[PDB]
Amino acid sequence: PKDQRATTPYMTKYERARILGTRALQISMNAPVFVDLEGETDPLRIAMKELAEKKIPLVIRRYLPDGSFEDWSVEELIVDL
Amino acid sequence: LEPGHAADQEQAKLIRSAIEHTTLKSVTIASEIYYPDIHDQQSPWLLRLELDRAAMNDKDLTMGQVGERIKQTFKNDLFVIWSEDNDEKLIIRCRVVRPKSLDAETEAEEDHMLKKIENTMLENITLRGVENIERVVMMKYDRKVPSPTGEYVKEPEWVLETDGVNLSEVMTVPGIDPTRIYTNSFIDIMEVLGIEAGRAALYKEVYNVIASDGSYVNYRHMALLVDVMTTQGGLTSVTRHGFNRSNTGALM
Amino acid sequence: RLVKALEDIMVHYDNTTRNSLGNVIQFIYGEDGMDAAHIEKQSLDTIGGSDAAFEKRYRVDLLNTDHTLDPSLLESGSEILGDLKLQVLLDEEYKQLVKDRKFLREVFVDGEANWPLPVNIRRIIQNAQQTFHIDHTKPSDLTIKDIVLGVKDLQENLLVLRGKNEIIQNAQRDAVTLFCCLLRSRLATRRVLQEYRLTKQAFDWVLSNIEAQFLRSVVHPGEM
Amino acid sequence: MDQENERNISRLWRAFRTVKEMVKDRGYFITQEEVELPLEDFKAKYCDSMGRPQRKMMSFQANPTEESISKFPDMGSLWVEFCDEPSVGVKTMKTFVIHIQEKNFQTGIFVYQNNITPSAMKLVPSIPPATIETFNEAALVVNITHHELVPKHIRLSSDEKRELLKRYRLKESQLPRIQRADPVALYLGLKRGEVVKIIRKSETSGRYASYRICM
RNA sequence: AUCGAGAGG
DNA sequence: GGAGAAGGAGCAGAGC
DNA sequence: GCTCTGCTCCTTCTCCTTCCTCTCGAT
């Protein structure tokens, strides 16, 4: 369902790690960067900037024990940590 | 001990006598069969049992007390007469009872019968106490007790540390607080109280092992372990007869 | 053997610990739902002490001089004097704190007050005392109503589970019982007004800080 | 023990009390003073003038409380009886069974004096839908649910069970299990498929509820 | 390529 | 080394 | 009353394993 999502609104350290990894990979594959490259050449550092600015174009499918799932977007998730 | 007797070592002694298992053998010196012995029920055989007075004094046993137990186990099949507690030799004399012949005669009975009596006696007369319970150590232990002021004050109480486990009988002993009794056996505490008690005890013992060397592991980790071992309503070991005997993926 | 036996035990996104089969091991991971790495040993002040000492440290009575707050503690401390409406809130607070003693005495029968709980509140308070330059010679702008309700609001906003079903809501109430006992015992009216003489700004900051850290202590899903 | 050695009688008395507590916990209308019967009163009411606990007189009928009924609509009447004969033979087991059949009791408890033969044991589950539970007087001397290691067990209704499984997206097989032979399960008289809510005190949180299903 | 032996951590 | 699994054996009851 | 039909109550048997790393020296 769209609403009634029972999982946390915060981004977990595992979600953050994979988001940065997969985005950094795309960057290293010469994908378009959605933030200004302020002297940044390191895919990971670049990805972290996008994370801070919530520019990372991804959605986390959180699978629940019974096979069902809740889709949360990067923008929705609270990148605290 | 029952709260009210927490500071009563005499009650502790009474309980120790009630629990500390005593087999006749343990308080005897020697046994002889004879064909200046002290009063159907009469044979020419004189089973002479010499008791250890010092041991009986230690165990608070009287010959009358022992005799009543003997009569209970042999009923009227064995004729028994006891010497006095003030006698130097605490002699118990037994004769074979047999209305089938001894009714009007002193016929010699089979020695094998006496041998059976000897073993049936010496090795099985449970004079007193709970089966399988051996040593019973009486000692004071300290414990904080919320005083009348509301503040915890450390108090001392007598606790009986026994050697062996038999909850099925110990729990019913008068003068004992059945809710505080604790063992080391997971299987027995489980079978007696239930899987939740077993699991709880399981944790406590795991804790004791780790804590025994001064180290510390977070409750959360130990709790997880014992919870897993008790999800099936029993005690699942970490062996191939525990873990491997599951419904989990074959490749695992 | 231990690693193999527990190889597949994981915290799922429902905050429940399960194995490969999906069998529930713990409905709430660790019986609290929090990561051991974020746990610190703290003192549950209300467990110990005499009942009289407790009363002296936690009972506030604006109707009797025996426990009426010293006016100078507050900018309006002379106005709260005789204020029955605030006394009602104070009675609510104290009553709960009395209940807390009953409860914790049942939970920890050995009287031990030092236990591993998430969020070192004591240290948080010290940060406020220093950060806002808490001048302990000046009357504060705290309101008894604001303190009582402020703490209660914090408790409501702690969260761990986020379902709506009474089953989950009940579990939520139980999951944070000790932490809430800690909050209530640590942030009582006298504790806040006499021991930790914070300003409204500092006090509010403490509450919001506790919330943030508490949420950070909750175990993440996917944790092995 | 001897009639003189009333200890035997007091053990019986204890068992009697624990049965009253059990029946009460099962949801039947047992009062507190009914449970709290003094030994000398037990003797006055049940023990023969010659110091002989009239075990037959210790039998009684229990009736589910209004609250128990509202939660468990199908909860019927309970007959409790203690065996007068040391060793339970089918001749007495059948007698007990017949009583239930004639009185149409939903369930009945039969307490062993000393032991029971297989000839009787096989009969105990021969009259569906009625259920006969059995206990040994020795086992009943102490009520194990008061032990420090035993937490409060709550037998859930079928509605509570259904909601539980739905809420956590669980299948019955994914709940923690308890064997029907488990002392406590026996105390509660759990039937296969029933779920018990267990409330424990903890060190990481004030208390923690856990669910366990009867196998 | 197996197989044993000697060690190191 | 200490399980567990398979097998022979020795008695309470029970039907003719 | 006496063998009979079951047991359940025992004794008497088969099975398994830190990590990791180096070298030589045989077949």
# chains A, B, ... in the order shown; residues from 1 in each chain; ligands from 1
$ residues_around --residues "residue D:122" --least-positions-apart "3" --cutoff "12 Å" --atoms "only C-alpha atoms (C1' of nucleotides)" --output "number ranges by chain"
D: 89-90, 93-94, 97, 116-119, 125-127, 132
$ residues_around --residues "residue E:7" --least-positions-apart "4" --cutoff "12 Å" --atoms "only C-alpha atoms (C1' of nucleotides)" --output "PDB file with N, CA, C and O atoms (P, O5', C5', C4', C3', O3' and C1' of nucleotides), in the first residue's frame"
ATOM      1  P    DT G  21      45.541 -20.169   4.248  1.00  0.00           P
ATOM      2  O5'  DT G  21      47.068 -20.152   4.698  1.00  0.00           O
ATOM      3  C5'  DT G  21      47.769 -18.933   4.703  1.00  0.00           C
ATOM      4  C4'  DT G  21      49.086 -19.066   5.435  1.00  0.00           C
ATOM      5  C3'  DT G  21      50.044 -20.063   4.854  1.00  0.00           C
ATOM      6  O3'  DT G  21      50.679 -19.524   3.728  1.00  0.00           O
ATOM      7  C1'  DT G  21      50.058 -20.191   7.218  1.00  0.00           C
ATOM      8  P    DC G  22      51.130 -20.500   2.544  1.00  0.00           P
ATOM      9  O5'  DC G  22      52.643 -20.827   2.888  1.00  0.00           O
ATOM     10  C5'  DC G  22      53.499 -19.790   3.285  1.00  0.00           C
ATOM     11  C4'  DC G  22      54.647 -20.342   4.097  1.00  0.00           C
ATOM     12  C3'  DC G  22      55.370 -21.492   3.445  1.00  0.00           C
ATOM     13  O3'  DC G  22      56.368 -20.991   2.588  1.00  0.00           O
ATOM     14  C1'  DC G  22      54.981 -21.941   5.758  1.00  0.00           C
ATOM     15  P    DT G  23      56.577 -21.628   1.136  1.00  0.00           P
ATOM     16  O5'  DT G  23      57.539 -22.876   1.404  1.00  0.00           O
ATOM     17  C5'  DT G  23      58.865 -22.652   1.855  1.00  0.00           C
ATOM     18  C4'  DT G  23      59.351 -23.786   2.745  1.00  0.00           C
ATOM     19  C3'  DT G  23      59.613 -25.090   2.038  1.00  0.00           C
ATOM     20  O3'  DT G  23      60.913 -25.076   1.465  1.00  0.00           O
ATOM     21  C1'  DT G  23      58.588 -25.426   4.188  1.00  0.00           C
ATOM     22  P    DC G  24      61.235 -25.980   0.178  1.00  0.00           P
ATOM     23  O5'  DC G  24      61.510 -27.429   0.792  1.00  0.00           O
ATOM     24  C5'  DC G  24      62.542 -27.602   1.749  1.00  0.00           C
ATOM     25  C4'  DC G  24      62.345 -28.878   2.548  1.00  0.00           C
ATOM     26  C3'  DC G  24      62.632 -30.163   1.785  1.00  0.00           C
ATOM     27  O3'  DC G  24      63.313 -31.078   2.628  1.00  0.00           O
ATOM     28  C1'  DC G  24      60.421 -30.217   2.611  1.00  0.00           C
TER      29       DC G  24
END
$ select_by_dssp --residues "stretch 1-139 of chain B" --states "alpha helix (DSSP H)" --output "PyMOL selection string"
chain B and resi 9-19+53-58+63-74+111-122
$ residues_around --residues "residue C:27" --least-positions-apart "6" --cutoff "10 Å" --atoms "only C-alpha atoms (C1' of nucleotides)" --output "number ranges by chain"
C: 11, 14-18, 33, 171; D: 168, 175-176, 208-211
$ residues_around --residues "residue G:12" --least-positions-apart "2" --cutoff "12 Å" --atoms "only C-alpha atoms (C1' of nucleotides)" --output "VMD selection string"
(chain F and resid 5 to 9) or (chain G and resid 10 14)
$ atom_distance --atom1 "atom CA of residue D:33" --atom2 "atom CA of residue D:135"
23.3 Å
$ select_by_dssp --residues "stretch 60-183 of chain D" --states "strand (DSSP E or B)" --output "MDAnalysis selection string"
chainID D and resid 60:62 64 78:82 87:88 107:112 115:116 131:136 152:155 177:178
$ interface_residues --of "chain B" --to "chain C" --cutoff "8 Å" --atoms "only C-alpha atoms" --output "JSON, numbers by chain"
{"B": [143, 144, 145, 146, 149, 150, 151, 152, 218, 220, 221, 223, 224, 225, 227, 228, 231, 238, 239, 243, 247, 248, 249]}
$ closest_residue --among "G:3, G:17, G:26, G:8" --to "residue E:5" --atoms "only C-alpha atoms (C1' of nucleotides)"
G:26
$ interface_residues --of "chain F" --to "chain D" --cutoff "10 Å" --atoms "only C-alpha atoms (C1' of nucleotides)" --output "PyMOL selection string"
chain F and resi 12-14
$ write_last_selection --atoms "C-alpha atoms (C1' of nucleotides)" --output "compact mmCIF listing (two decimals), in the first residue's frame"
# COMPACT_ATOMS: atom_id res chain seq x y z
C1' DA F 12 1.40 -55.50 35.67
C1' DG F 13 -2.93 -56.39 33.82
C1' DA F 14 -6.62 -59.14 31.09
$ atom_distance --atom1 "atom CA of residue D:151" --atom2 "atom CA of residue D:31"
22.4 Å
$ residues_around --residues "residue C:76" --least-positions-apart "6" --cutoff "10 Å" --atoms "only C-alpha atoms (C1' of nucleotides)" --output "PyMOL selection string"
chain C and resi 139-143
$ closest_residue --among "G:13, G:7, G:20, G:2" --to "chain D" --atoms "only C-alpha atoms (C1' of nucleotides)"
G:7
$ closest_residue --among "G:1, G:9, G:25, G:16" --to "chain B" --atoms "only C-alpha atoms (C1' of nucleotides)"
G:16
$ atom_distance --atom1 "atom CA of residue D:113" --atom2 "atom CA of residue D:187"
17.8 Å
$ closest_atom_pairs --of "chain B" --to "chain D" --cutoff "10 Å" --atoms "only C-alpha atoms" --output "JSON lines"
{"residue": "B:168", "atom": "CA", "partner": "D:139", "partner_atom": "CA", "distance": 7.5}
{"residue": "B:169", "atom": "CA", "partner": "D:138", "partner_atom": "CA", "distance": 8.5}
{"residue": "B:171", "atom": "CA", "partner": "D:142", "partner_atom": "CA", "distance": 7.0}
{"residue": "B:172", "atom": "CA", "partner": "D:142", "partner_atom": "CA", "distance": 6.4}
{"residue": "B:173", "atom": "CA", "partner": "D:11", "partner_atom": "CA", "distance": 9.6}
{"residue": "B:174", "atom": "CA", "partner": "D:7", "partner_atom": "CA", "distance": 8.9}
{"residue": "B:177", "atom": "CA", "partner": "D:147", "partner_atom": "CA", "distance": 9.4}
{"residue": "B:178", "atom": "CA", "partner": "D:147", "partner_atom": "CA", "distance": 6.9}
{"residue": "B:179", "atom": "CA", "partner": "D:147", "partner_atom": "CA", "distance": 3.9}
{"residue": "B:180", "atom": "CA", "partner": "D:148", "partner_atom": "CA", "distance": 6.3}
{"residue": "B:181", "atom": "CA", "partner": "D:147", "partner_atom": "CA", "distance": 8.2}
{"residue": "B:182", "atom": "CA", "partner": "D:149", "partner_atom": "CA", "distance": 8.9}
{"residue": "B:189", "atom": "CA", "partner": "D:149", "partner_atom": "CA", "distance": 9.3}
{"residue": "B:190", "atom": "CA", "partner": "D:182", "partner_atom": "CA", "distance": 8.2}
{"residue": "B:191", "atom": "CA", "partner": "D:183", "partner_atom": "CA", "distance": 6.9}
{"residue": "B:192", "atom": "CA", "partner": "D:183", "partner_atom": "CA", "distance": 6.6}
{"residue": "B:193", "atom": "CA", "partner": "D:144", "partner_atom": "CA", "distance": 5.8}
{"residue": "B:194", "atom": "CA", "partner": "D:183", "partner_atom": "CA", "distance": 5.4}
{"residue": "B:195", "atom": "CA", "partner": "D:182", "partner_atom": "CA", "distance": 7.0}
{"residue": "B:196", "atom": "CA", "partner": "D:150", "partner_atom": "CA", "distance": 6.4}
{"residue": "B:197", "atom": "CA", "partner": "D:149", "partner_atom": "CA", "distance": 4.7}
{"residue": "B:198", "atom": "CA", "partner": "D:149", "partner_atom": "CA", "distance": 8.0}
{"residue": "B:199", "atom": "CA", "partner": "D:149", "partner_atom": "CA", "distance": 9.0}
{"residue": "B:200", "atom": "CA", "partner": "D:149", "partner_atom": "CA", "distance": 6.4}
{"residue": "B:201", "atom": "CA", "partner": "D:149", "partner_atom": "CA", "distance": 7.3}
{"residue": "B:219", "atom": "CA", "partner": "D:203", "partner_atom": "CA", "distance": 7.8}
{"residue": "B:220", "atom": "CA", "partner": "D:204", "partner_atom": "CA", "distance": 7.7}
{"residue": "B:227", "atom": "CA", "partner": "D:176", "partner_atom": "CA", "distance": 9.4}
{"residue": "B:228", "atom": "CA", "partner": "D:176", "partner_atom": "CA", "distance": 9.4}
{"residue": "B:230", "atom": "CA", "partner": "D:176", "partner_atom": "CA", "distance": 8.2}
{"residue": "B:231", "atom": "CA", "partner": "D:176", "partner_atom": "CA", "distance": 4.9}
{"residue": "B:232", "atom": "CA", "partner": "D:177", "partner_atom": "CA", "distance": 5.0}
{"residue": "B:233", "atom": "CA", "partner": "D:178", "partner_atom": "CA", "distance": 4.2}
{"residue": "B:234", "atom": "CA", "partner": "D:178", "partner_atom": "CA", "distance": 7.6}
$ write_last_selection --atoms "N, CA, C and O atoms" --output "CSV table (one decimal), in the first residue's frame"
chain,number,residue,atom,x,y,z
B,168,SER,N,11.1,-32.8,42.3
B,168,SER,CA,9.8,-33.4,42.5
B,168,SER,C,9.4,-33.8,43.9
B,168,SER,O,8.2,-33.9,44.2
B,169,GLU,N,10.4,-33.9,44.8
B,169,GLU,CA,10.1,-34.2,46.2
B,169,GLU,C,10.5,-33.0,47.1
B,169,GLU,O,9.8,-32.7,48.0
B,171,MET,N,10.5,-29.8,46.6
B,171,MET,CA,9.5,-28.7,46.6
B,171,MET,C,8.4,-28.9,47.6
B,171,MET,O,7.8,-28.0,48.0
B,172,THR,N,8.1,-30.2,47.9
B,172,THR,CA,6.9,-30.5,48.8
B,172,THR,C,7.3,-30.5,50.3
B,172,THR,O,6.4,-30.6,51.1
B,173,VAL,N,8.6,-30.4,50.5
B,173,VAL,CA,9.1,-30.4,51.9
B,173,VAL,C,8.5,-29.2,52.7
B,173,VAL,O,8.7,-28.1,52.3
B,174,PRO,N,7.9,-29.5,53.9
B,174,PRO,CA,7.4,-28.5,54.8
B,174,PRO,C,8.5,-27.6,55.4
B,174,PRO,O,9.6,-28.1,55.7
B,177,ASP,N,10.3,-22.8,51.1
B,177,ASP,CA,9.6,-21.9,50.2
B,177,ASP,C,9.8,-22.3,48.8
B,177,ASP,O,10.8,-22.1,48.1
B,178,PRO,N,8.8,-23.1,48.3
B,178,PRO,CA,8.7,-23.7,47.0
B,178,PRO,C,8.9,-22.8,45.8
B,178,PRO,O,9.0,-23.3,44.7
B,179,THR,N,8.8,-21.5,46.0
B,179,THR,CA,8.9,-20.6,44.9
B,179,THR,C,10.3,-20.1,44.7
B,179,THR,O,10.6,-19.4,43.6
B,180,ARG,N,11.2,-20.3,45.6
B,180,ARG,CA,12.5,-19.8,45.5
B,180,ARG,C,13.6,-20.9,45.2
B,180,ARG,O,14.7,-20.6,45.0
B,181,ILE,N,13.1,-22.1,45.2
B,181,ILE,CA,14.1,-23.2,44.9
B,181,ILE,C,14.7,-23.2,43.5
B,181,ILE,O,13.9,-23.0,42.6
B,182,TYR,N,16.0,-23.3,43.4
B,182,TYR,CA,16.7,-23.2,42.2
B,182,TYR,C,17.7,-24.2,41.9
B,182,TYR,O,18.5,-24.6,42.8
B,189,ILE,N,14.4,-28.4,35.6
B,189,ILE,CA,13.7,-27.2,36.0
B,189,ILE,C,12.6,-27.0,34.9
B,189,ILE,O,11.5,-26.6,35.2
B,190,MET,N,12.9,-27.5,33.7
B,190,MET,CA,11.9,-27.4,32.6
B,190,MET,C,10.8,-28.4,32.8
B,190,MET,O,9.6,-28.0,32.8
B,191,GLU,N,11.1,-29.6,33.1
B,191,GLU,CA,10.1,-30.7,33.3
B,191,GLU,C,9.2,-30.4,34.5
B,191,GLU,O,8.0,-30.8,34.5
B,192,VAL,N,9.8,-29.8,35.5
B,192,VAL,CA,9.0,-29.5,36.7
B,192,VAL,C,8.2,-28.2,36.6
B,192,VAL,O,7.0,-28.2,36.9
B,193,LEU,N,8.8,-27.2,36.1
B,193,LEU,CA,8.1,-25.9,36.0
B,193,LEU,C,7.6,-25.5,34.7
B,193,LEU,O,6.5,-25.0,34.5
B,194,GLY,N,8.3,-25.8,33.6
B,194,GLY,CA,7.9,-25.5,32.3
B,194,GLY,C,8.9,-24.9,31.4
B,194,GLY,O,10.0,-24.5,31.9
B,195,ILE,N,8.7,-24.7,30.1
B,195,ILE,CA,9.6,-24.2,29.2
B,195,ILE,C,10.1,-22.8,29.4
B,195,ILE,O,11.2,-22.4,29.1
B,196,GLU,N,9.2,-21.9,30.0
B,196,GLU,CA,9.5,-20.6,30.3
B,196,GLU,C,10.5,-20.5,31.5
B,196,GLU,O,11.4,-19.7,31.5
B,197,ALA,N,10.2,-21.4,32.4
B,197,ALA,CA,11.1,-21.4,33.6
B,197,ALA,C,12.4,-22.0,33.2
B,197,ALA,O,13.5,-21.6,33.6
B,198,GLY,N,12.4,-23.0,32.3
B,198,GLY,CA,13.6,-23.6,31.8
B,198,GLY,C,14.4,-22.6,31.0
B,198,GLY,O,15.6,-22.5,31.2
B,199,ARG,N,13.8,-21.9,30.1
B,199,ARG,CA,14.5,-20.8,29.4
B,199,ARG,C,15.1,-19.8,30.3
B,199,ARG,O,16.2,-19.3,30.1
B,200,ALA,N,14.3,-19.3,31.2
B,200,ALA,CA,14.8,-18.3,32.2
B,200,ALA,C,16.0,-18.8,32.9
B,200,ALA,O,17.0,-18.1,33.1
B,201,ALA,N,15.9,-20.1,33.4
B,201,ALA,CA,17.0,-20.7,34.1
B,201,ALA,C,18.2,-20.9,33.2
B,201,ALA,O,19.4,-20.7,33.6
B,219,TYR,N,23.2,-8.4,28.0
B,219,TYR,CA,22.0,-9.2,28.2
B,219,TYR,C,21.4,-9.6,26.9
B,219,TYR,O,20.9,-10.7,26.7
B,220,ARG,N,21.3,-8.6,26.0
B,220,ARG,CA,20.7,-8.8,24.7
B,220,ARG,C,21.2,-10.0,23.9
B,220,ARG,O,20.4,-10.6,23.2
B,227,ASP,N,16.8,-17.9,23.8
B,227,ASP,CA,15.5,-17.8,23.2
B,227,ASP,C,15.4,-18.8,22.0
B,227,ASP,O,14.5,-19.5,21.9
B,228,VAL,N,16.5,-18.7,21.2
B,228,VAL,CA,16.5,-19.6,20.0
B,228,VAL,C,16.5,-21.1,20.5
B,228,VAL,O,15.8,-21.9,19.8
B,230,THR,N,15.0,-22.4,22.8
B,230,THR,CA,13.8,-22.8,23.4
B,230,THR,C,12.5,-22.4,22.6
B,230,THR,O,11.4,-22.4,23.1
B,231,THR,N,12.7,-22.2,21.3
B,231,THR,CA,11.6,-21.8,20.5
B,231,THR,C,10.7,-23.0,20.2
B,231,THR,O,9.5,-22.8,19.8
B,232,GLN,N,11.2,-24.2,20.3
B,232,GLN,CA,10.5,-25.4,20.0
B,232,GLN,C,9.7,-26.0,21.2
B,232,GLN,O,9.0,-27.0,21.0
B,233,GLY,N,9.8,-25.3,22.3
B,233,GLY,CA,9.0,-25.8,23.5
B,233,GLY,C,9.9,-26.8,24.3
B,233,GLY,O,9.4,-27.5,25.2
B,234,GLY,N,11.1,-27.0,23.9
B,234,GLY,CA,12.0,-27.9,24.6
B,234,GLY,C,13.4,-27.3,24.7
B,234,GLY,O,13.6,-26.1,24.6
$ decode --residues "stretch 12-27 of chain G" --atoms "N, CA and C atoms (P, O5', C5', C4', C3', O3' and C1' of nucleotides)" --output "mmCIF file, in the first residue's frame"
data_model
loop_
_atom_site.group_PDB
_atom_site.id
_atom_site.type_symbol
_atom_site.label_atom_id
_atom_site.label_comp_id
_atom_site.auth_asym_id
_atom_site.auth_seq_id
_atom_site.Cartn_x
_atom_site.Cartn_y
_atom_site.Cartn_z
ATOM 1 P P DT G 12 24.473 -55.467 28.769
ATOM 2 O "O5'" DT G 12 24.328 -55.126 27.220
ATOM 3 C "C5'" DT G 12 23.404 -55.860 26.395
ATOM 4 C "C4'" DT G 12 23.731 -55.659 24.934
ATOM 5 C "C3'" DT G 12 25.202 -55.363 24.645
ATOM 6 O "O3'" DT G 12 25.549 -55.873 23.355
ATOM 7 C "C1'" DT G 12 23.898 -53.479 24.064
ATOM 8 P P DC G 13 27.053 -55.758 22.812
ATOM 9 O "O5'" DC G 13 27.050 -54.357 22.053
ATOM 10 C "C5'" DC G 13 27.409 -54.250 20.657
ATOM 11 C "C4'" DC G 13 26.302 -53.609 19.848
ATOM 12 C "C3'" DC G 13 26.785 -52.686 18.730
ATOM 13 O "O3'" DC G 13 25.887 -52.749 17.618
ATOM 14 C "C1'" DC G 13 25.432 -51.457 20.197
ATOM 15 P P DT G 14 26.437 -52.600 16.124
ATOM 16 O "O5'" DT G 14 27.207 -51.206 16.161
ATOM 17 C "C5'" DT G 14 27.831 -50.668 14.978
ATOM 18 C "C4'" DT G 14 27.202 -49.348 14.593
ATOM 19 C "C3'" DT G 14 28.132 -48.398 13.840
ATOM 20 O "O3'" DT G 14 27.387 -47.585 12.925
ATOM 21 C "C1'" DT G 14 27.489 -47.394 15.862
ATOM 22 P P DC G 15 28.138 -46.494 12.021
ATOM 23 O "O5'" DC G 15 28.027 -45.161 12.886
ATOM 24 C "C5'" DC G 15 27.195 -44.069 12.457
ATOM 25 C "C4'" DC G 15 27.566 -42.803 13.196
ATOM 26 C "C3'" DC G 15 28.752 -42.036 12.603
ATOM 27 O "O3'" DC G 15 28.407 -40.657 12.435
ATOM 28 C "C1'" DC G 15 29.063 -42.365 14.924
ATOM 29 P P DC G 16 29.470 -39.634 11.823
ATOM 30 O "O5'" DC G 16 29.798 -38.684 13.057
ATOM 31 C "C5'" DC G 16 29.472 -37.282 13.023
ATOM 32 C "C4'" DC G 16 30.591 -36.479 13.645
ATOM 33 C "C3'" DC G 16 31.789 -36.246 12.723
ATOM 34 O "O3'" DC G 16 31.968 -34.846 12.490
ATOM 35 C "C1'" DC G 16 32.497 -37.200 14.835
ATOM 36 P P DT G 17 32.696 -33.926 13.557
ATOM 37 O "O5'" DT G 17 32.404 -32.394 13.000
ATOM 38 C "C5'" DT G 17 32.498 -31.394 13.956
ATOM 39 C "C1'" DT G 17 35.757 -32.448 15.158
ATOM 40 C "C4'" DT G 17 38.173 -30.254 15.591
ATOM 41 C "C3'" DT G 17 38.928 -30.310 14.358
ATOM 42 O "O3'" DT G 17 40.328 -29.995 14.559
ATOM 43 P P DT G 18 40.874 -28.543 14.189
ATOM 44 O "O5'" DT G 18 39.570 -27.645 14.326
ATOM 45 C "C5'" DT G 18 39.248 -26.970 15.555
ATOM 46 C "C4'" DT G 18 38.731 -25.597 15.207
ATOM 47 C "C3'" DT G 18 39.427 -25.008 13.992
ATOM 48 O "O3'" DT G 18 38.846 -25.558 12.808
ATOM 49 C "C1'" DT G 18 39.326 -23.386 15.718
ATOM 50 P P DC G 19 39.752 -25.766 11.518
ATOM 51 O "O5'" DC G 19 40.057 -24.269 11.073
ATOM 52 C "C5'" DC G 19 39.006 -23.303 10.974
ATOM 53 C "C4'" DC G 19 39.611 -21.923 10.937
ATOM 54 C "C3'" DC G 19 40.753 -21.788 9.945
ATOM 55 O "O3'" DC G 19 40.240 -21.592 8.628
ATOM 56 C "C1'" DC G 19 41.388 -20.828 12.009
ATOM 57 P P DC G 20 40.843 -22.446 7.442
ATOM 58 O "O5'" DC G 20 42.104 -21.577 7.015
ATOM 59 C "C5'" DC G 20 42.113 -20.159 7.220
ATOM 60 C "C4'" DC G 20 43.505 -19.692 7.570
ATOM 61 C "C3'" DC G 20 44.636 -20.288 6.743
ATOM 62 O "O3'" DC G 20 44.774 -19.551 5.523
ATOM 63 C "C1'" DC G 20 45.240 -20.128 9.065
ATOM 64 P P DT G 21 45.541 -20.169 4.248
ATOM 65 O "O5'" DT G 21 47.068 -20.152 4.698
ATOM 66 C "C5'" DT G 21 47.769 -18.933 4.703
ATOM 67 C "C4'" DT G 21 49.086 -19.066 5.435
ATOM 68 C "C3'" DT G 21 50.044 -20.063 4.854
ATOM 69 O "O3'" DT G 21 50.679 -19.524 3.728
ATOM 70 C "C1'" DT G 21 50.058 -20.191 7.218
ATOM 71 P P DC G 22 51.130 -20.500 2.544
ATOM 72 O "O5'" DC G 22 52.643 -20.827 2.888
ATOM 73 C "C5'" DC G 22 53.499 -19.790 3.285
ATOM 74 C "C4'" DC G 22 54.647 -20.342 4.097
ATOM 75 C "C3'" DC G 22 55.370 -21.492 3.445
ATOM 76 O "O3'" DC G 22 56.368 -20.991 2.588
ATOM 77 C "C1'" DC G 22 54.981 -21.941 5.758
ATOM 78 P P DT G 23 56.577 -21.628 1.136
ATOM 79 O "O5'" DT G 23 57.539 -22.876 1.404
ATOM 80 C "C5'" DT G 23 58.865 -22.652 1.855
ATOM 81 C "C4'" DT G 23 59.351 -23.786 2.745
ATOM 82 C "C3'" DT G 23 59.613 -25.090 2.038
ATOM 83 O "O3'" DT G 23 60.913 -25.076 1.465
ATOM 84 C "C1'" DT G 23 58.588 -25.426 4.188
ATOM 85 P P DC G 24 61.235 -25.980 0.178
ATOM 86 O "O5'" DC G 24 61.510 -27.429 0.792
ATOM 87 C "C5'" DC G 24 62.542 -27.602 1.749
ATOM 88 C "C4'" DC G 24 62.345 -28.878 2.548
ATOM 89 C "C3'" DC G 24 62.632 -30.163 1.785
ATOM 90 O "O3'" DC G 24 63.313 -31.078 2.628
ATOM 91 C "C1'" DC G 24 60.421 -30.217 2.611
ATOM 92 P P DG G 25 64.538 -31.935 2.049
ATOM 93 O "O5'" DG G 25 63.902 -33.368 1.787
ATOM 94 C "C5'" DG G 25 63.210 -34.027 2.827
ATOM 95 C "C4'" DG G 25 62.233 -35.027 2.251
ATOM 96 C "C3'" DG G 25 62.625 -35.590 0.875
ATOM 97 O "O3'" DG G 25 62.696 -37.003 0.938
ATOM 98 C "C1'" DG G 25 60.357 -34.984 0.948
ATOM 99 P P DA G 26 63.232 -37.854 -0.316
ATOM 100 O "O5'" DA G 26 62.006 -38.819 -0.668
ATOM 101 C "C5'" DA G 26 61.713 -39.915 0.186
ATOM 102 C "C4'" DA G 26 60.233 -40.240 0.185
ATOM 103 C "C3'" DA G 26 59.707 -40.856 -1.089
ATOM 104 O "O3'" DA G 26 59.977 -42.253 -1.114
ATOM 105 C "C1'" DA G 26 58.159 -39.280 -0.172
ATOM 106 P P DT G 27 60.128 -43.017 -2.520
ATOM 107 O "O5'" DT G 27 58.640 -43.068 -3.110
ATOM 108 C "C5'" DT G 27 57.664 -43.894 -2.497
ATOM 109 C "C4'" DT G 27 56.271 -43.524 -2.969
ATOM 110 C "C3'" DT G 27 55.936 -43.989 -4.373
ATOM 111 O "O3'" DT G 27 55.309 -45.268 -4.323
ATOM 112 C "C1'" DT G 27 55.132 -41.743 -3.918
#
